[PDB]
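Just one chain is shown here, as structure tokens, and it is the form solved without ligand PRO.
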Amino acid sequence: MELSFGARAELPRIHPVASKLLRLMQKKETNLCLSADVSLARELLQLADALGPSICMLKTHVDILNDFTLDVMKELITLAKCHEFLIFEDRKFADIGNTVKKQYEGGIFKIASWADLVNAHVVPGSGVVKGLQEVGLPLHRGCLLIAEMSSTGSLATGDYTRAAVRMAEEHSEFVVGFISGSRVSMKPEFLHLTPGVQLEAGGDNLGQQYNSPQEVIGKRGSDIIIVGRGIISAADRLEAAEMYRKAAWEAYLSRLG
């Protein structure tokens, strides 16, 4: 039974951050997450402001921003609130629980302070979730687990993927979904976000593989497309965002009915 995003936002077991996301996706007719892979704060903020109305989420790698400051993140939060999107830091935590707690809370980035969502690899065991959870829980944050990767040679397959799904189910108080190439859980309260998405066929020279919105959302049953270069490399990033938005939304509509 396929439910709309709006309905899924009202599921009994839904995390408040997931419900906030699903509600705005429904309101704005977007299941597009912009992967804002830029190195300048000015470009990041200009993108967030211009594309804000077209996206449900903005994915960051703050560790590549050459002029990061917490004030940059303050201005980002302002735009997120104004245009209604969540902020997802793609930190891909992959260390023991005691370490990731500090990497999430502390340092120069203070990620937990501005990021609605973060994600984690499951290779260290559930301790990685337990550690992030100690920080994220009171702050009403959520976490995505990396069940599959988009890159050539990915070891996130078979039993590895299954362990990711189990770990998510076992920590549903904080884990709100997956980074994956397709649906991996049948529980509707879990979000599926998919990177490796472009309108055109291809990859890059460093192992990335691309599939289309239609394939990923329609055929593979994912919820949200994550798109970097497909948008960022366009001359007009707003036009490109709209293109990806309409693709992903219609693919979702067709799956519904």
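In this text, rigid core is short for the largest set of C-alphas that superpose within 1.5 Å between two forms. Heads up: residue numbers just count along the shown sequence, starting at 1.
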(request) On a core superposition, give the stretch, 91-99 or 176-184, with the larger average C-alpha separation from this form in 4 other deposited structures of this protein (RMS over structures and residues). (result) 91-99
(request) Check the entry's C-alpha temperature factors for 61-69 and 213-221, then say which stretch has the higher mean. (result) 213-221
(request) Select between 88-96 and 175-183 the stretch whose C-alpha atoms have the higher average B-factor in the entry. (result) 175-183
(request) Pull the Cα B-factor of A201 out of the PDB entry and bin it into the chain's lowest, middle or highest third. (result) highest
(request) Ordered by C-alpha B-factor within the chain, which third holds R166? Give me lowest, middle or highest, please. (result) highest
(request) Please rank the C-alpha B-factors of the chain's modelled residues and tell me whether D49 sits in the lowest, middle or highest third. (result) lowest
(message) Splitting the chain's C-alpha B-factors into thirds, which one does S35 fall into?
(response) lowest
(message) Ranking every modelled residue in this chain by its Cα temperature factor as given in the entry, which third contains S151?
(response) middle
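Just so it is clear, the following notes concern the form solved in complex with ligand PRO, a form of the same protein that is not shown.
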(request) Label the site open or blocked after overlaying ligand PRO from its pose in the bound PDB entry onto the shown form by the C-alphas around the site (blocked when 3+ ligand atoms sit within 2.4 Å of backbone or C-beta). (result) blocked
(message) Residues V62, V72 and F109 are flagged as a possible site; in the bound PDB entry, is every one of them within 4.5 Å of ligand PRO by some non-hydrogen atom?
(response) no
(message) Looking at heavy atoms inside 4.5 Å, which stretch does ligand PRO contact in the bound PDB entry, given the options 75-83, 160-168, 182-190, 129-137?
(response) 129-137
(message) Is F174 part of the interface with ligand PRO in the bound PDB entry - any heavy atom within 4.5 Å?
(response) yes
(request) Go through 47-70 residue by residue and record those having a heavy atom within 4.5 Å of ligand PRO in the bound PDB entry; state none if no residue qualifies. (result) none
